[PDB]
Number of protein chains: 2
Amino acid sequence: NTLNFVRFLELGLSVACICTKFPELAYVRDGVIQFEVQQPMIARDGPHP
Amino acid sequence: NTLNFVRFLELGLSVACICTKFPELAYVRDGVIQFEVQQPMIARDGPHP
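Residues numbered from 1 in each chain as written, not as in the entry; some residues may be left out. Chains lettered and ligands numbered in written order. Part of a larger assembly, values for the part shown. Heavy atoms only, no water.

In terms of determination method and resolution, the entry is listed under cryo-EM at 3.1 Å.

Structure follows, in structure tokens:
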């Protein structure tokens, strides 16, 4: 018998991740990702600060 | 992220009010509005007034 080979991209699970190659991953000590998120405002009056 | 800007008139609440600009509102002591409603009547007989 001959096996049926699966490629990772053919699967439906491949949508849940963003694959990227990186040859110099053995030299990396610690990687970080930064975020900047702002929020809207509601203007009111009365006994509300 | 980029904030999404909402304008008041684009809402469906804007049909519930008639907005108008008024620069000298702070010099209004007591703004006033009137109504003049008339009513019909029924002609009848008998010893009624």
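Read on, since the account is not over.
1. Description of the side chain of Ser14 of chain A
Put simply, the rule reads: Relative accessibility under 20% of the residue-type maximum defines a buried residue, over 50% an exposed one, and the middle range a partly exposed one, all with a 1.4 Å probe and only protein chains included. Residues adjacent in sequence count toward polar contacts only when both atoms are side-chain atoms; beyond that, a polar contact is any pair of N or O atoms within 3.5 Å, and within protein one must be able to donate a hydrogen and the other to accept it.
Using a relative accessible area of 15% as the deciding quantity, one classes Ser14 of chain A as buried. A distance of 3.1 Å separates a polar atom in the side chain of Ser14 of chain A from the backbone oxygen of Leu11 of chain A.

2. Some thoughts on the environment of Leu3 of chain B
Put simply, the rule reads: We call two residues in contact when some of their heavy atoms are within 4.5 Å.
Taking the relative accessible area as the measure of exposure, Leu3 of chain B reaches 27% and is therefore partly exposed. On a C-alpha basis, the gap between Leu3 of chain B and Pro47 of chain B in space is 75 Å, while along the polypeptide they are 44 residues apart. Setting aside residues no more than four positions away along its own chain, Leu3 of chain B makes contact with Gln38, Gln39 and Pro40 of chain A.

3. Examining the state of the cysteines
All names here are of chain A. As a reminder of what qualifies: We call a pair of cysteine sulfur atoms a disulfide when they lie within 2.5 Å.
Inspection of the entire model under this criterion finds 0 disulfides over all chains. Of all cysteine sulfurs, the one in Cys17 lies closest to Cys19, which takes part in no disulfide; the gap is 3.6 Å. Of the residues examined, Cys19 reaches a relative accessible area of 57% and is grouped as exposed.

4. A closer look at a nonpolar patch on the surface
Put simply, the rule reads: Patch construction takes residues with relative accessible area above 30% that form no salt bridge. Like charges are linked within 9 Å, and nonpolar side chains (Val, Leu, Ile, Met, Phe, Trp, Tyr) are linked within 5 Å. Throughout, the Shrake-Rupley method with a 1.4 Å probe supplies accessible areas, and for residues the shown protein chains are the sole cover considered. The term salt bridge refers to a pairing of a side-chain nitrogen on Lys or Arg with a carboxyl oxygen on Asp or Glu at a separation within 4 Å.
Side chains of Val6, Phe8, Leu9, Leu11 and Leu13 of chain A sit close together on the surface and give an oily, nonpolar patch of about 510 Å² of accessible area. Overall, the relative accessible area of 61% leaves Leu13 of chain A in the exposed class.

5. Focus: the pattern of salt bridges
All names here are of chain A. Under the criterion given, the structure shown has 2 salt bridges over all chains. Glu10 is the salt-bridge partner of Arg7, the closest N and O atoms lying 2.9 Å from each other. By relative accessible area, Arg7 is classed as exposed at 52%. By relative accessible area, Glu10 is classed as exposed at 59%.

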